[PDB]
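Asker: I'd like to ask you about the structure that follows.
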Amino acid sequence: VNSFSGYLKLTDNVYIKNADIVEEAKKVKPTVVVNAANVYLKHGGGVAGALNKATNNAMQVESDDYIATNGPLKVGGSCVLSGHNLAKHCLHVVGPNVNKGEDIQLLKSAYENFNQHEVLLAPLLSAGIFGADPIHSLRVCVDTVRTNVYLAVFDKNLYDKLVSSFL
Ligand SMILES: Cn1ncc(C(=O)O)c1-c1ccccc1
């Protein structure tokens, strides 16, 4: 049993809810929250900008030190950093950004990072301002992630379309 509440069960291991991932993280304090990161860990907008704002910019300060030491992530890659006030850990995962022309086949590689964690609170990778089709992102998630993933979807309209169209 875990603390997640109000989710619709899609599969053995994938759950979904219409929720603000920031408000959900603050309530649950999950072991892992996933950030929709870019390779520079520049948390300007979308999910990343909202998570970083909720940490009072401490996520960005920590991320700038990570990049200064290690250099940029790979598209499809990830790193584990602090969850600050939101979670124990933040898994920063880089899905491909269609608005930069990145290979959508890298979305499966991105979701494979989730398999290193038994339970996660996450957004749909490459959705929103990363430009991919969220229906596609949910299908790759279900077909790639084997650990228990609790997906938070920001737009109610999109949430209802994801559920209604789910095979
Ligand atoms: C495009 N996309 N992908 C995921 C989501 C979301 O609401 O989580 C969205 C979205 C859709 C409409 C407005 C805002 C976000």
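In the structure tokens, chains take letters A, B, ... by order of appearance, with residues numbered from 1 within each chain and ligands from 1 in the order shown.
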Can you pull out every residue within 8 Å of residue 32 of chain A, counting only C-alpha atoms, but drop anything in the same chain fewer than 6 positions away, and send it as number ranges by chain?
Answerer: A: 83, 87-91, 117, 119-121
Asker: Find the residues near ligand 1. Use a cut-off of 9 Å, count only C-alpha atoms and all ligand atoms, and write them as a PyMOL selection string.
Answerer: chain A and resi 18-21+46-47+123-135+137+151-159
Asker: Could you write out that same residue set with C-alpha atoms as a PDB file, in the first residue's frame?
Answerer:
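Written output follows (result_28.pdb):
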```
ATOM      1  CA  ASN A  18      -5.773  14.999 -13.356  1.00  0.00           C
ATOM      2  CA  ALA A  19      -3.472  16.879 -10.969  1.00  0.00           C
ATOM      3  CA  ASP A  20      -0.856  19.590 -10.675  1.00  0.00           C
ATOM      4  CA  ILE A  21       2.375  17.594 -10.107  1.00  0.00           C
ATOM      5  CA  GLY A  46       6.558  23.782 -18.226  1.00  0.00           C
ATOM      6  CA  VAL A  47       6.777  21.166 -15.499  1.00  0.00           C
ATOM      7  CA  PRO A 123       4.533  13.792 -15.843  1.00  0.00           C
ATOM      8  CA  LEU A 124       4.135  12.457 -19.351  1.00  0.00           C
ATOM      9  CA  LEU A 125       7.594  12.788 -20.937  1.00  0.00           C
ATOM     10  CA  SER A 126       7.952  14.967 -24.016  1.00  0.00           C
ATOM     11  CA  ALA A 127       4.357  16.306 -23.561  1.00  0.00           C
ATOM     12  CA  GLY A 128       3.408  19.956 -23.093  1.00  0.00           C
ATOM     13  CA  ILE A 129       6.040  22.409 -24.348  1.00  0.00           C
ATOM     14  CA  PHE A 130       8.291  19.490 -25.503  1.00  0.00           C
ATOM     15  CA  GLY A 131       5.868  19.096 -28.431  1.00  0.00           C
ATOM     16  CA  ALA A 132       5.157  15.345 -28.581  1.00  0.00           C
ATOM     17  CA  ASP A 133       1.676  13.796 -28.780  1.00  0.00           C
ATOM     18  CA  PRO A 134       0.700  12.995 -25.131  1.00  0.00           C
ATOM     19  CA  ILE A 135      -1.341   9.946 -26.328  1.00  0.00           C
ATOM     20  CA  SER A 137       3.824   9.410 -24.631  1.00  0.00           C
ATOM     21  CA  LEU A 151       1.180  10.035 -13.759  1.00  0.00           C
ATOM     22  CA  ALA A 152      -0.049  13.600 -13.043  1.00  0.00           C
ATOM     23  CA  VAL A 153      -1.747  15.298 -16.000  1.00  0.00           C
ATOM     24  CA  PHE A 154      -2.169  19.106 -15.776  1.00  0.00           C
ATOM     25  CA  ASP A 155      -4.952  19.732 -18.377  1.00  0.00           C
ATOM     26  CA  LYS A 156      -8.375  18.223 -17.429  1.00  0.00           C
ATOM     27  CA  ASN A 157      -9.328  18.193 -21.105  1.00  0.00           C
ATOM     28  CA  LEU A 158      -6.180  16.192 -21.964  1.00  0.00           C
ATOM     29  CA  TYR A 159      -6.652  13.860 -18.965  1.00  0.00           C
TER      30      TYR A 159
END
```
Asker: So which residues touch residue 15 of chain A within 8 Å, counting only C-alpha atoms, skipping near sequence neighbours fewer than 4 positions away, as number ranges by chain?
Answerer: A: 7-11, 148-151
Asker: Step one, run DSSP on the backbone; step two, keep only residues of segment 13-161 of chain A assigned to strand (DSSP E or B); then write them as a ChimeraX atom specification.
Answerer: /A:14-18,32-36,78-82,89-93,119-122,148-153
Asker: What does the file look like for those residues with N, CA, C and O atoms, as a short mmCIF file (atom, residue, chain, number, x, y, z; two decimals), in the first residue's frame?
Answerer:
```cif
data_model
loop_
_atom_site.label_atom_id
_atom_site.label_comp_id
_atom_site.auth_asym_id
_atom_site.auth_seq_id
_atom_site.Cartn_x
_atom_site.Cartn_y
_atom_site.Cartn_z
N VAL A 14 0.72 1.13 -13.96
CA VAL A 14 0.60 2.54 -14.39
C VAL A 14 -0.75 3.07 -13.91
O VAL A 14 -1.82 2.46 -14.20
N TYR A 15 -0.72 4.22 -13.28
CA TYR A 15 -1.87 4.94 -12.71
C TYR A 15 -1.88 6.35 -13.23
O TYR A 15 -0.77 6.92 -13.53
N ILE A 16 -3.03 7.00 -13.32
CA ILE A 16 -3.12 8.37 -13.90
C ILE A 16 -4.11 9.19 -13.11
O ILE A 16 -5.19 8.66 -12.67
N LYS A 17 -3.88 10.49 -13.02
CA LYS A 17 -4.78 11.43 -12.33
C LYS A 17 -4.70 12.80 -12.96
O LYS A 17 -3.59 13.21 -13.43
N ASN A 18 -5.80 13.55 -13.01
CA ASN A 18 -5.77 15.00 -13.36
C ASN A 18 -5.31 15.73 -12.12
O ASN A 18 -6.05 15.83 -11.17
N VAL A 32 10.34 9.59 -5.08
CA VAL A 32 10.84 10.13 -6.37
C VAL A 32 9.76 10.96 -7.06
O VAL A 32 8.68 10.40 -7.37
N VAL A 33 10.07 12.21 -7.40
CA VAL A 33 9.28 12.98 -8.37
C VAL A 33 10.15 13.10 -9.63
O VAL A 33 11.36 13.40 -9.53
N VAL A 34 9.56 12.89 -10.77
CA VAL A 34 10.26 13.08 -12.06
C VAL A 34 10.06 14.50 -12.58
O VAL A 34 8.96 15.01 -12.59
N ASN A 35 11.18 15.11 -12.99
CA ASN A 35 11.16 16.40 -13.70
C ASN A 35 11.29 16.15 -15.19
O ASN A 35 12.10 15.33 -15.63
N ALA A 36 10.55 16.92 -15.96
CA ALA A 36 10.66 17.06 -17.43
C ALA A 36 11.80 18.01 -17.75
O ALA A 36 11.59 19.17 -18.05
N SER A 78 19.22 10.86 -17.75
CA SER A 78 18.67 11.32 -16.48
C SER A 78 19.77 11.52 -15.44
O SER A 78 20.90 10.97 -15.62
N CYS A 79 19.44 12.20 -14.39
CA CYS A 79 20.27 12.21 -13.17
C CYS A 79 19.36 12.31 -11.98
O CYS A 79 18.24 12.83 -12.08
N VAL A 80 19.83 11.81 -10.85
CA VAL A 80 19.12 11.89 -9.56
C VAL A 80 19.68 13.03 -8.73
O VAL A 80 20.92 13.05 -8.47
N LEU A 81 18.86 13.98 -8.35
CA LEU A 81 19.26 15.10 -7.47
C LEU A 81 18.27 15.17 -6.32
O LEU A 81 17.38 14.30 -6.20
N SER A 82 18.45 16.14 -5.47
CA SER A 82 17.53 16.31 -4.35
C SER A 82 16.11 16.57 -4.81
O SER A 82 15.87 17.25 -5.79
N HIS A 89 13.83 12.55 -3.56
CA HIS A 89 14.70 12.70 -4.73
C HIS A 89 13.90 13.27 -5.88
O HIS A 89 12.70 12.99 -6.03
N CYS A 90 14.61 13.97 -6.78
CA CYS A 90 14.07 14.33 -8.11
C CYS A 90 14.86 13.59 -9.16
O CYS A 90 16.12 13.76 -9.22
N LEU A 91 14.18 12.81 -9.98
CA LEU A 91 14.79 12.18 -11.16
C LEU A 91 14.56 13.12 -12.33
O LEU A 91 13.42 13.25 -12.83
N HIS A 92 15.61 13.80 -12.77
CA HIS A 92 15.54 14.72 -13.92
C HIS A 92 15.71 13.88 -15.18
O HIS A 92 16.79 13.27 -15.36
N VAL A 93 14.68 13.77 -15.99
CA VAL A 93 14.69 12.93 -17.19
C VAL A 93 14.51 13.82 -18.41
O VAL A 93 13.59 14.63 -18.44
N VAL A 119 8.94 3.13 -7.29
CA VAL A 119 7.71 3.95 -7.33
C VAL A 119 8.08 5.38 -7.72
O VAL A 119 9.01 5.94 -7.13
N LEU A 120 7.31 6.01 -8.59
CA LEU A 120 7.58 7.41 -9.02
C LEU A 120 6.29 8.15 -9.21
O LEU A 120 5.31 7.58 -9.74
N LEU A 121 6.32 9.43 -8.91
CA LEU A 121 5.32 10.44 -9.36
C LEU A 121 5.91 11.13 -10.58
O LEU A 121 7.06 11.63 -10.51
N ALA A 122 5.22 11.20 -11.69
CA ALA A 122 5.83 11.68 -12.96
C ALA A 122 4.82 12.40 -13.82
O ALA A 122 3.62 12.09 -13.79
N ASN A 148 6.29 1.03 -10.64
CA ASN A 148 4.96 1.63 -10.39
C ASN A 148 5.01 3.14 -10.59
O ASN A 148 5.71 3.86 -9.83
N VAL A 149 4.29 3.61 -11.55
CA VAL A 149 4.32 5.02 -11.97
C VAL A 149 2.93 5.65 -11.82
O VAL A 149 1.93 5.07 -12.29
N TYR A 150 2.93 6.78 -11.14
CA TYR A 150 1.72 7.59 -10.87
C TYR A 150 1.85 8.85 -11.71
O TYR A 150 2.74 9.73 -11.43
N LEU A 151 1.10 8.94 -12.78
CA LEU A 151 1.18 10.04 -13.76
C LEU A 151 0.23 11.13 -13.34
O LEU A 151 -1.02 10.91 -13.17
N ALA A 152 0.74 12.37 -13.30
CA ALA A 152 -0.05 13.60 -13.04
C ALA A 152 -0.19 14.34 -14.36
O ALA A 152 0.83 14.73 -14.99
N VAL A 153 -1.42 14.57 -14.77
CA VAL A 153 -1.75 15.30 -16.00
C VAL A 153 -2.44 16.60 -15.61
O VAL A 153 -3.54 16.57 -15.04
#
```
Asker: List as a ChimeraX atom specification the protein and nucleic acid residues near segment 52-57 of chain A, meaning an atom at most 8 Å away when only C-alpha atoms are counted, but skip any in the same chain fewer than 3 places from it.
Answerer: /A:22,43,48-49,60-61,84-86
Asker: Export N, CA, C and O atoms of the chosen residues as a PDB file, in the first residue's frame?
Answerer:
```pdb
ATOM      1  N   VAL A  22       3.077  19.625  -8.955  1.00  0.00           N
ATOM      2  CA  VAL A  22       3.636  20.390  -7.811  1.00  0.00           C
ATOM      3  C   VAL A  22       2.798  20.153  -6.543  1.00  0.00           C
ATOM      4  O   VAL A  22       3.339  19.858  -5.479  1.00  0.00           O
ATOM      5  N   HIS A  43      15.611  25.126 -15.774  1.00  0.00           N
ATOM      6  CA  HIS A  43      14.212  24.838 -15.410  1.00  0.00           C
ATOM      7  C   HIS A  43      13.344  26.092 -15.623  1.00  0.00           C
ATOM      8  O   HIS A  43      12.910  26.692 -14.665  1.00  0.00           O
ATOM      9  N   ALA A  48       9.169  21.724 -15.458  1.00  0.00           N
ATOM     10  CA  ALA A  48      10.436  22.054 -14.768  1.00  0.00           C
ATOM     11  C   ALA A  48      10.364  23.432 -14.120  1.00  0.00           C
ATOM     12  O   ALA A  48      10.787  23.612 -12.979  1.00  0.00           O
ATOM     13  N   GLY A  49       9.857  24.411 -14.880  1.00  0.00           N
ATOM     14  CA  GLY A  49       9.745  25.750 -14.275  1.00  0.00           C
ATOM     15  C   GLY A  49       8.849  25.742 -13.078  1.00  0.00           C
ATOM     16  O   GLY A  49       9.122  26.473 -12.095  1.00  0.00           O
ATOM     17  N   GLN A  60      17.223  24.872  -9.141  1.00  0.00           N
ATOM     18  CA  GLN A  60      18.107  25.478 -10.167  1.00  0.00           C
ATOM     19  C   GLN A  60      19.532  25.664  -9.636  1.00  0.00           C
ATOM     20  O   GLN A  60      20.481  25.373 -10.365  1.00  0.00           O
ATOM     21  N   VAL A  61      19.670  26.098  -8.395  1.00  0.00           N
ATOM     22  CA  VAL A  61      21.015  26.294  -7.813  1.00  0.00           C
ATOM     23  C   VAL A  61      21.746  24.948  -7.795  1.00  0.00           C
ATOM     24  O   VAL A  61      22.924  24.863  -8.231  1.00  0.00           O
ATOM     25  N   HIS A  84      14.282  18.340  -2.669  1.00  0.00           N
ATOM     26  CA  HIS A  84      14.034  19.583  -1.925  1.00  0.00           C
ATOM     27  C   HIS A  84      12.787  19.370  -1.049  1.00  0.00           C
ATOM     28  O   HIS A  84      12.711  18.355  -0.321  1.00  0.00           O
ATOM     29  N   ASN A  85      11.886  20.317  -1.065  1.00  0.00           N
ATOM     30  CA  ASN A  85      10.647  20.304  -0.271  1.00  0.00           C
ATOM     31  C   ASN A  85       9.560  19.493  -0.949  1.00  0.00           C
ATOM     32  O   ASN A  85       8.452  19.416  -0.389  1.00  0.00           O
ATOM     33  N   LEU A  86       9.800  18.895  -2.097  1.00  0.00           N
ATOM     34  CA  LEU A  86       8.735  18.203  -2.858  1.00  0.00           C
ATOM     35  C   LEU A  86       8.770  16.689  -2.707  1.00  0.00           C
ATOM     36  O   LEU A  86       7.701  16.063  -2.918  1.00  0.00           O
TER      37      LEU A  86
END
```
Asker: When you count only C-alpha atoms, which of these residues is closest to residue 145 of chain A: A:13, A:31, A:3, A:70?
Answerer: A:13
Asker: Under the rule that only C-alpha atoms are counted, which of A:94, A:136, A:141, A:167 is the nearest residue to residue 108 of chain A?
Answerer: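 When distances to residue 108 of chain A are compared using only C-alpha atoms, the smallest one comes from A:141.
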Asker: Assign secondary structure with DSSP using the backbone only, and return the residues of segment 36-154 of chain A in alpha helix (DSSP H) as an NGL selection string.
Answerer: :A and (46-54 or 58-70 or 106-112 or 134-144)
Asker: Choose the residue, out of A:51, A:147, A:58, A:1, that has the smallest atom-to-atom separation from residue 23 of chain A; count only C-alpha atoms.
Answerer: A:51
Asker: Which is closest to residue 143 of chain A among A:24, A:65, A:112, A:103, if we use only C-alpha atoms?
Answerer: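 For residue 143 of chain A, the nearest of the given residues is A:112.
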Asker: Pick from A:163, A:4, A:114, A:40: nearest to residue 71 of chain A, with only C-alpha atoms counted?
Answerer: A:40
Asker: Skipping near chain neighbours, those fewer than 3 positions away, what residues fall within 12 Å of residue 102 of chain A using only C-alpha atoms, listed as a list in words?
Answerer: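 Using only C-alpha atoms, the neighbours found are residues 38, 74, 75, 76, 94, 95, 96, 97, 98, 99, 105, 106, 107, 126, 130, 131 and 132 of chain A.
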Asker: Write the residues of the selection above to a file with C-alpha atoms, as a PDB file, in the first residue's frame.
Answerer:
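The result, written out as out-v4.pdb:
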```
ATOM      1  CA  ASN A  38      16.379  19.527 -20.622  1.00  0.00           C
ATOM      2  CA  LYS A  74      22.055  13.186 -22.952  1.00  0.00           C
ATOM      3  CA  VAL A  75      18.642  13.365 -24.634  1.00  0.00           C
ATOM      4  CA  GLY A  76      17.041  10.165 -23.235  1.00  0.00           C
ATOM      5  CA  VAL A  94      15.301  14.384 -20.670  1.00  0.00           C
ATOM      6  CA  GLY A  95      12.694  13.384 -23.189  1.00  0.00           C
ATOM      7  CA  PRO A  96      13.177  14.491 -26.806  1.00  0.00           C
ATOM      8  CA  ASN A  97      11.922  18.005 -27.560  1.00  0.00           C
ATOM      9  CA  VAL A  98      10.034  17.895 -30.908  1.00  0.00           C
ATOM     10  CA  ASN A  99      10.228  21.781 -31.053  1.00  0.00           C
ATOM     11  CA  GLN A 105      12.504   7.082 -30.691  1.00  0.00           C
ATOM     12  CA  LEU A 106      14.506   8.558 -27.762  1.00  0.00           C
ATOM     13  CA  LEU A 107      11.252   8.735 -25.758  1.00  0.00           C
ATOM     14  CA  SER A 126       7.952  14.967 -24.016  1.00  0.00           C
ATOM     15  CA  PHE A 130       8.291  19.490 -25.503  1.00  0.00           C
ATOM     16  CA  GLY A 131       5.868  19.096 -28.431  1.00  0.00           C
ATOM     17  CA  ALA A 132       5.157  15.345 -28.581  1.00  0.00           C
TER      18      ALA A 132
END
```
Asker: Under the rule that only C-alpha atoms are counted, which of A:42, A:28, A:116, A:5 is the nearest residue to residue 62 of chain A?
Answerer: A:42
